[PDB]
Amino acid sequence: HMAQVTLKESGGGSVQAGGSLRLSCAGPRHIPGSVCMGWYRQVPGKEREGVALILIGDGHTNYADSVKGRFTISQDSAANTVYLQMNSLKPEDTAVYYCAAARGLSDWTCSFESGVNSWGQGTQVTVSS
């Protein structure tokens, strides 16, 4: 079983179209089993969507098509912590970004589907025209 973990978030901010921002999300130092960490985003009024996940300690990445080639997810090389480098920001990227942790799939991949175990409280990112 995957116990719930606390996910502490930092970063975000407000930029003009075209800018760059970074998010960070830290989990506890020890998580049994395999773990995918990363972000989903939700605009108030809209549905939540996956943004990017990475499998900690192995490195499979999964990106939403709408952010591929602009946002990059990486992990810290000494902690259960991930980073989202949000380059080339567009107004449509404006949302609350929520850190997520979920079990890795048996083939060492992460999916946005089939359940998230733990959530962060969320970070607002705002991009203006």
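Note that residue numbering follows the sequence shown and begins at 1.
- Set 2-10 against 118-126 and average the Cα temperature factors; 2-10 ends up higher.
- Among 70, 30, 60, 48, the highest C-alpha B-factor recorded in the PDB entry belongs to 60.
- For residue 64, the recorded CA B-factor ranks within the middle third of the chain. Only modelled residues enter the ranking.
- Residue-level temperature factors show residue 52 in the lowest third of its chain, judged at the C-alpha atom.
- The deposited CA B-factor of residue 38 belongs to the lowest third of values across its chain.
- Residue 75 sits in the middle third of its chain by CA B factor, as recorded in the PDB entry.
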